[PDB]
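Enquirer: Below is the file structure-v7.cif, which contains mmCIF, C-alpha atoms.
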data_query
#
loop_
_atom_site.label_atom_id
_atom_site.label_comp_id
_atom_site.auth_asym_id
_atom_site.auth_seq_id
_atom_site.Cartn_x
_atom_site.Cartn_y
_atom_site.Cartn_z
CA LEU A 1 -39.54 1.30 38.03
CA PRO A 2 -42.95 0.74 36.43
CA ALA A 3 -43.94 -2.76 35.31
CA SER A 4 -44.31 -1.56 31.74
CA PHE A 5 -42.70 1.48 30.07
CA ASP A 6 -43.05 2.70 26.50
CA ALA A 7 -40.87 5.66 25.44
CA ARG A 8 -43.51 6.44 22.75
CA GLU A 9 -46.09 7.29 25.39
CA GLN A 10 -43.72 8.92 27.83
CA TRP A 11 -42.40 11.36 25.20
CA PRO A 12 -45.17 11.92 22.67
CA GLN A 13 -43.53 15.27 21.90
CA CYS A 14 -40.60 13.39 20.24
CA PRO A 15 -41.84 12.10 16.89
CA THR A 16 -38.65 10.16 16.15
CA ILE A 17 -39.49 7.72 18.96
CA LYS A 18 -42.26 6.15 16.87
CA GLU A 19 -40.46 6.34 13.54
CA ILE A 20 -39.29 3.27 11.67
CA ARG A 21 -36.36 3.59 9.26
CA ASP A 22 -35.17 1.18 6.53
CA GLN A 23 -31.47 0.27 6.36
CA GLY A 24 -32.13 -1.27 2.91
CA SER A 25 -29.70 -3.79 1.36
CA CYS A 26 -26.82 -2.83 3.70
CA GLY A 27 -25.37 -4.00 7.02
CA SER A 28 -25.84 -0.57 8.55
CA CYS A 29 -28.06 -1.57 11.47
CA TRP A 30 -25.10 -0.67 13.74
CA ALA A 31 -25.54 2.93 12.59
CA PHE A 32 -29.34 2.93 12.58
CA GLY A 33 -29.56 1.71 16.18
CA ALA A 34 -27.36 4.69 16.98
CA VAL A 35 -28.85 7.63 15.03
CA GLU A 36 -32.31 6.46 16.04
CA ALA A 37 -31.58 6.63 19.78
CA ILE A 38 -29.55 9.80 19.26
CA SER A 39 -32.51 11.46 17.49
CA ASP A 40 -34.70 10.46 20.43
CA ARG A 41 -32.35 11.72 23.14
CA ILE A 42 -31.73 15.12 21.55
CA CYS A 43 -35.45 15.64 21.74
CA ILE A 44 -35.66 14.32 25.33
CA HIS A 45 -32.71 16.27 26.75
CA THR A 46 -33.54 19.59 25.04
CA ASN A 47 -36.03 22.22 26.16
CA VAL B 1 -36.26 20.19 19.57
CA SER B 2 -36.40 17.05 17.48
CA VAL B 3 -33.92 16.48 14.67
CA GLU B 4 -33.79 13.39 12.47
CA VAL B 5 -30.12 12.45 12.77
CA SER B 6 -28.67 11.14 9.54
CA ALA B 7 -27.71 7.46 9.36
CA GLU B 8 -25.94 8.24 6.05
CA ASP B 9 -23.53 10.64 7.78
CA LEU B 10 -22.77 7.97 10.33
CA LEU B 11 -22.53 5.06 7.90
CA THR B 12 -20.25 6.84 5.45
CA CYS B 13 -18.03 9.33 7.30
CA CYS B 14 -17.07 7.11 10.22
CA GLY B 15 -13.93 5.49 8.86
CA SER B 16 -12.53 2.17 9.84
CA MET B 17 -13.02 3.09 13.54
CA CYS B 18 -16.70 2.13 13.11
CA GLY B 19 -15.89 -1.00 11.14
CA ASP B 20 -16.74 -1.30 7.46
CA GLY B 21 -19.87 0.52 6.36
CA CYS B 22 -22.39 -1.73 4.67
CA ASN B 23 -20.35 -4.78 5.74
CA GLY B 24 -21.31 -4.13 9.38
CA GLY B 25 -19.70 -2.23 12.23
CA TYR B 26 -19.38 -1.32 15.90
CA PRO B 27 -22.28 0.34 17.74
CA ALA B 28 -20.08 1.64 20.55
CA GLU B 29 -17.68 3.40 18.17
CA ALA B 30 -20.64 4.94 16.40
CA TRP B 31 -21.57 6.67 19.65
CA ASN B 32 -17.98 7.77 20.16
CA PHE B 33 -17.92 9.19 16.64
CA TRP B 34 -20.88 11.45 17.48
CA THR B 35 -19.02 12.67 20.55
CA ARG B 36 -15.92 13.57 18.52
CA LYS B 37 -17.18 14.54 15.09
CA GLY B 38 -20.91 14.95 15.72
CA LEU B 39 -23.66 14.16 13.19
CA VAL B 40 -25.87 16.14 10.78
CA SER B 41 -29.61 15.83 10.21
CA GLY B 42 -30.94 13.60 7.41
CA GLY B 43 -34.27 11.85 6.87
CA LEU B 44 -35.59 8.79 5.08
CA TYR B 45 -34.65 7.74 1.57
CA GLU B 46 -35.59 10.41 -0.92
CA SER B 47 -37.25 12.54 1.74
CA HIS B 48 -35.24 15.71 1.08
CA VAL B 49 -35.31 16.02 4.88
CA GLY B 50 -32.14 17.40 6.42
CA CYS B 51 -28.61 17.75 5.17
CA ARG B 52 -27.86 14.08 4.41
CA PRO B 53 -30.84 11.84 3.81
CA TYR B 54 -30.28 8.09 3.35
CA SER B 55 -29.32 7.18 -0.21
CA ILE B 56 -29.98 3.41 -0.12
CA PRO B 57 -33.51 2.58 -1.16
CA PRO B 58 -35.93 0.62 1.02
CA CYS B 59 -36.91 -2.96 0.20
CA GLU B 60 -38.86 -5.94 1.45
CA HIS B 61 -37.06 -7.56 4.35
CA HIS B 62 -38.17 -11.20 4.48
CA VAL B 63 -41.80 -10.21 3.67
CA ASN B 64 -44.00 -9.54 0.64
CA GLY B 65 -44.99 -6.01 -0.41
CA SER B 66 -44.62 -3.63 -3.37
CA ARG B 67 -40.93 -2.91 -2.87
CA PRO B 68 -38.31 -5.06 -4.55
CA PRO B 69 -36.74 -7.50 -2.07
CA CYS B 70 -33.54 -6.67 -0.24
CA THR B 71 -30.64 -7.86 -2.36
CA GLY B 72 -28.23 -8.74 0.49
CA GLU B 73 -25.54 -6.12 1.05
CA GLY B 74 -24.41 -3.56 -1.46
CA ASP B 75 -22.12 -0.64 -1.62
CA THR B 76 -21.30 1.77 1.08
CA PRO B 77 -22.00 5.26 -0.26
CA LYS B 78 -19.28 7.89 -0.04
CA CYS B 79 -18.58 10.35 2.74
CA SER B 80 -19.46 13.76 1.29
CA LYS B 81 -19.16 16.58 3.82
CA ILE B 82 -21.78 18.78 2.23
CA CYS B 83 -25.55 19.02 2.57
CA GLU B 84 -27.95 18.06 -0.20
CA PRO B 85 -28.83 20.98 -2.48
CA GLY B 86 -31.85 22.88 -1.13
CA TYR B 87 -30.71 22.44 2.48
CA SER B 88 -29.43 25.32 4.60
CA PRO B 89 -27.17 25.79 6.45
CA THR B 90 -23.72 24.29 5.98
CA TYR B 91 -22.80 20.66 6.67
CA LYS B 92 -20.50 21.71 9.54
CA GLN B 93 -23.09 24.15 11.03
CA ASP B 94 -25.64 21.25 10.98
CA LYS B 95 -23.48 18.96 13.15
CA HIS B 96 -25.11 17.63 16.35
CA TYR B 97 -22.70 16.37 19.08
CA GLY B 98 -22.61 14.04 22.05
CA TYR B 99 -21.37 14.99 25.51
CA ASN B 100 -20.44 11.40 26.17
CA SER B 101 -21.07 7.78 25.36
CA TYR B 102 -20.94 4.69 27.60
CA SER B 103 -21.81 1.00 27.83
CA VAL B 104 -24.78 0.03 30.03
CA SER B 105 -24.46 -2.95 32.40
CA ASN B 106 -25.60 -6.42 31.49
CA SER B 107 -28.45 -6.12 33.98
CA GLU B 108 -32.18 -5.78 33.44
CA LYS B 109 -32.57 -3.08 36.08
CA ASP B 110 -29.62 -0.96 34.88
CA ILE B 111 -31.05 -1.06 31.36
CA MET B 112 -34.54 -0.25 32.70
CA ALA B 113 -33.25 2.70 34.76
CA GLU B 114 -31.23 4.11 31.80
CA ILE B 115 -34.19 4.12 29.36
CA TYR B 116 -36.57 5.53 32.05
CA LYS B 117 -34.05 8.24 32.92
CA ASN B 118 -32.44 9.08 29.56
CA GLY B 119 -34.51 7.50 26.74
CA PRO B 120 -34.03 4.84 24.09
CA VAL B 121 -30.78 2.99 23.91
CA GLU B 122 -28.99 0.82 21.38
CA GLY B 123 -28.45 -2.89 21.84
CA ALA B 124 -27.63 -5.93 19.74
CA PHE B 125 -28.62 -9.61 19.78
CA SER B 126 -27.80 -12.73 17.71
CA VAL B 127 -30.37 -13.37 15.04
CA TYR B 128 -31.53 -16.93 14.47
CA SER B 129 -33.63 -18.13 11.56
CA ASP B 130 -36.94 -18.24 13.46
CA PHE B 131 -36.71 -14.47 14.16
CA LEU B 132 -37.32 -13.44 10.52
CA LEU B 133 -40.89 -14.65 10.61
CA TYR B 134 -41.70 -12.50 13.63
CA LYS B 135 -45.30 -11.25 13.45
CA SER B 136 -46.34 -10.33 16.98
CA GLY B 137 -46.03 -11.48 20.59
CA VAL B 138 -42.90 -12.00 22.62
CA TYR B 139 -40.00 -13.46 20.67
CA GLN B 140 -38.19 -16.45 22.07
CA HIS B 141 -35.66 -18.43 20.05
CA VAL B 142 -36.64 -22.10 19.75
CA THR B 143 -35.44 -23.33 16.31
CA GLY B 144 -33.26 -22.27 13.40
CA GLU B 145 -29.64 -21.63 12.61
CA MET B 146 -27.69 -18.50 13.42
CA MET B 147 -27.40 -15.56 11.01
CA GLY B 148 -25.44 -12.93 12.97
CA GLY B 149 -25.46 -9.95 15.33
CA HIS B 150 -28.08 -7.26 14.71
CA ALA B 151 -28.03 -3.79 16.27
CA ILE B 152 -31.38 -2.30 17.27
CA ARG B 153 -33.19 0.33 19.36
CA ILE B 154 -34.67 -0.64 22.74
CA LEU B 155 -37.29 1.89 23.87
CA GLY B 156 -39.38 0.22 26.57
CA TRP B 157 -40.46 -2.91 28.39
CA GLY B 158 -43.50 -4.88 29.51
CA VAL B 159 -44.91 -8.23 30.56
CA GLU B 160 -47.34 -10.25 28.46
CA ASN B 161 -48.88 -13.53 29.62
CA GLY B 162 -46.40 -13.27 32.52
CA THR B 163 -43.71 -13.27 29.83
CA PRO B 164 -41.61 -10.14 30.41
CA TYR B 165 -40.14 -8.45 27.29
CA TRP B 166 -38.09 -5.64 25.81
CA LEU B 167 -39.82 -3.30 23.39
CA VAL B 168 -37.52 -2.96 20.34
CA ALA B 169 -37.47 -1.08 17.04
CA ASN B 170 -36.11 -2.96 14.00
CA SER B 171 -34.98 -1.14 10.83
CA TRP B 172 -36.69 -3.43 8.36
CA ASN B 173 -39.41 -0.91 7.53
CA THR B 174 -42.94 -1.02 8.92
CA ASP B 175 -44.27 -4.04 7.00
CA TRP B 176 -41.96 -6.34 8.92
CA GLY B 177 -42.95 -7.61 12.38
CA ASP B 178 -45.39 -5.53 14.35
CA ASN B 179 -45.49 -2.33 12.30
CA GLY B 180 -41.69 -2.47 12.38
CA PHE B 181 -41.44 -3.24 16.11
CA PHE B 182 -40.82 -6.50 17.98
CA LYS B 183 -40.75 -7.69 21.62
CA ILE B 184 -38.13 -10.18 22.94
CA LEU B 185 -37.79 -12.02 26.26
CA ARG B 186 -36.14 -9.97 28.99
CA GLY B 187 -34.13 -10.76 32.11
CA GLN B 188 -32.49 -13.87 30.75
CA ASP B 189 -29.91 -12.11 28.57
CA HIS B 190 -31.82 -13.71 25.71
CA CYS B 191 -29.96 -13.94 22.39
CA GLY B 192 -27.51 -11.55 24.10
CA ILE B 193 -30.05 -8.66 24.21
CA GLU B 194 -28.75 -7.21 27.51
CA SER B 195 -25.10 -7.71 26.57
CA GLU B 196 -24.23 -4.85 24.22
CA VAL B 197 -26.29 -1.87 25.35
CA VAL B 198 -24.63 1.49 24.72
CA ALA B 199 -26.03 4.99 25.17
CA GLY B 200 -24.82 8.58 25.66
CA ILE B 201 -25.91 12.11 26.49
CA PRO B 202 -26.39 14.79 23.87
CA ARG B 203 -24.69 18.16 24.02
CA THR B 204 -27.13 20.94 25.01
CA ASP B 205 -25.45 23.63 22.93
#
Let me see whether you can do it: turn the structure in this file into structure tokens.
Expert:
Amino acid sequence: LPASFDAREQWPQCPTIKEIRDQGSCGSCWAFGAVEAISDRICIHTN
Amino acid sequence: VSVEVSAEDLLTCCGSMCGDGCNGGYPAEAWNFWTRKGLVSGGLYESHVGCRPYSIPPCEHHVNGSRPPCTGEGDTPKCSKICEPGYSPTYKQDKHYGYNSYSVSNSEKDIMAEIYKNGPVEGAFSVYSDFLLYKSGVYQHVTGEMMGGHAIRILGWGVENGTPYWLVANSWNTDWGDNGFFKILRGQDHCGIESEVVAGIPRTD
């Protein structure tokens, strides 16, 4: 495996990789972690 | 094909299996939910992007900026199985599903391989007081009392000053940390960062 890896460079064609959300005043980080990585993977695993 | 998967849909329609909405929940069950019930598109607060955009406004998370400061925890919005007006098609036709979901091993290399092979994962670590002030560099807990567990997105890795780290995305907007990102010590299961990694493969359909 490389010494350094950055998904944002590896998959520049997936704009969600660089995006930062805001959970606001709510303990929803459990969901954000999820939909953020899900967004990313849809883009990665799709043609 | 990039879709902005709705956090709102996940936060509100997952019942008690996910935990308790705004009062925290279970990352692993969130992945499972996507496998069983799938998830619609939905962008940022008041973006009008997708079916179910986030309805809780942004704030200032332990920093100073224009936005009002984050209050603490509020109300979990309601599960409404309909898209915002102006969006086409139907809620149900906008659902995106998972093929599977699984826990990744508490092992640096397993976690490295997974990201490299399938993309960003979700992890969680205990947050201590000194973390809030994160600006830049590699985070290492030294001082401060504990606050809780905090789920995040791990999307890479590196070494800085011979200090290896995990590249993570926080969800405290962009004016927190390093444009919204942070780096934390890797290979030492630091603050439990390699302990609750979960991921899954989308459904090419």
Enquirer: Compile the residues of chain A that lie within 6 Å of chain B, evaluated using all atoms listed in the file, and express the compilation as an MDAnalysis selection string.
Expert: chainID A and resid 4:7 20:33 35 37 39 41:43
Enquirer: Any idea what the distance is between CA of residue 127 in chain B and CA of residue 177 in chain B?
Expert: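 Here the two named atoms are 14.1 Å from each other.
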Enquirer: Can you pull out the residues contacting residue 108 in chain B? Cut-off 10 Å, using all atoms listed in the file, and skip same-chain residues under 5 positions away; I want them as a list in words.
Expert: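 That gives residues 113, 166, 186, 187, 188, 189, 193 and 194 of chain B.
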Enquirer: Let me know the residues the PyMOL selection byres ((chain B and resi 129-137) around 6) catches in the file above, as JSON, numbers by chain.
Expert: {"B": [128, 138, 144, 145, 177, 178]}
Enquirer: Calculate how many Å separate CA of residue 192 in chain B from CA of residue 15 in chain B, rounding to one decimal.
Expert: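 Distance between the two atoms: 26.6 Å.
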Enquirer: Between B:94, B:78, B:83, B:101, which is the closest to residue 53 in chain B once you count only C-alpha atoms?
Expert: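 Using only C-alpha atoms, the shortest distance to residue 53 in chain B belongs to B:83.
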